Every structure is written in structure tokens, then in C-alpha cells.
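> I'd like to ask some things about the structure below.
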Amino acid sequence: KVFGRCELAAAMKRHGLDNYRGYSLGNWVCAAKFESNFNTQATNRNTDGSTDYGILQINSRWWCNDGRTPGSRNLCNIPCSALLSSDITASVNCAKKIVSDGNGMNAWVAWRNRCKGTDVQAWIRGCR
Ligand SMILES: [Cl-]
Ligand SMILES: [Cl-]
Ligand SMILES: [Cl-]
């Protein structure tokens, strides 16, 4: 599913991301825009052999099991395919574990490089 901007904003707010660990809703929507272009089906391979999955591009090295990342952990205890569902619950639940692990949203390279320090509330401007 390719979400609309305001459609994703509303889904992320319903699942508890608005000001989760201090990060307003626009931070998460900006993050999803540049990680996946709002596409729950997005995948991208990493040079180390891991793969990033879903609207927030969660890495199989640490967070999900895809059966092909040697020496990996599965800290969200889920298959990486669950992060590809048109239902974003698994992705959001796992994102909360990531953003709580010490580095905040700096865990997402795209957030640090394209959202951090910008006017992220523009990503939610004009939505209900
Ligand atoms: Cl599994
Ligand atoms: Cl933080
Ligand atoms: Cl914008």
C-alpha cells in the first residue's frame, strides 16, 4: 500500500507515534517519506547483506528475521515480511523499540540527514 501523506499521518497518530519519546508526528512522517516514499512494500539491500523493510525501513541485522542475515538478531521478534503489510502496526511497534534504544531517531539515516533540524510539522500541515 502506498499511503497518502495525511492518511499515514492519521495511522501513525492512532498507533501512538505522536510525541513518542519526544518526537512530534511530523518527524515520523518526514522519516517515512524519505525512507520508503510511504510504500509499505519498500525493500532495500544493505552492503553488509542485511535488508531494510517497510514504511520505516527497519533492518534485518537487529530487528526482524528474514532467514538470510547471518549473525543477526530479531529484537522485535517478528518476520521481516510483517513489516510489508498494508497494516502498519508491526512497523510502528518495532519503530518504538528502535527509537527507545539510546540514539533516538538518529537510528534512521534519512531522518538525520533530511528531516532533523527542518520544519517537520509541514509534513502534517493541512491534515485532520
Ligand atoms: Cl520468524
Ligand atoms: Cl531522543
Ligand atoms: Cl512538504
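In the C-alpha cells, the first chain shown is A, the next is B, and so on; residue numbers restart at 1 for each chain, and ligands run from 1 in the order shown.
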Where does chain A meet ligand 3 within 9 Å, residue by residue, with the nearest atom pair and distance in Å to one decimal for each, counting only C-alpha atoms and all ligand atoms, listed by chain and rising number, as CSV?

residue,atom,partner,partner_atom_place_in_ligand_line,distance
A:30,CA,ligand 3,1 (Cl),8.3
A:120,CA,ligand 3,1 (Cl),8.2
A:121,CA,ligand 3,1 (Cl),8.6
A:122,CA,ligand 3,1 (Cl),5.3
A:123,CA,ligand 3,1 (Cl),4.9
A:124,CA,ligand 3,1 (Cl),8.0
A:125,CA,ligand 3,1 (Cl),8.1
> Hey, which residues sit close to ligand 1? Say within 9 Å, counting only C-alpha atoms and all ligand atoms, and write them as a PyMOL selection string.
chain A and resi 64-67+74+77-80
> Could you list, as a PyMOL selection string, all protein and nucleic acid residues with an atom at most 7 Å from ligand 2, counting only C-alpha atoms and all ligand atoms?
chain A and resi 21-22+103-105
> Using Å and a single decimal, report how far atom CA of residue A:42 sits from atom CA of residue A:89.
15.9 Å
> Just to confirm, what's the straight-line distance from atom CA of residue A:4 to atom CA of residue A:97 in Å (one decimal)?
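One can read the atom CA of residue A:4 to atom CA of residue A:97 distance as 24.8 Å.
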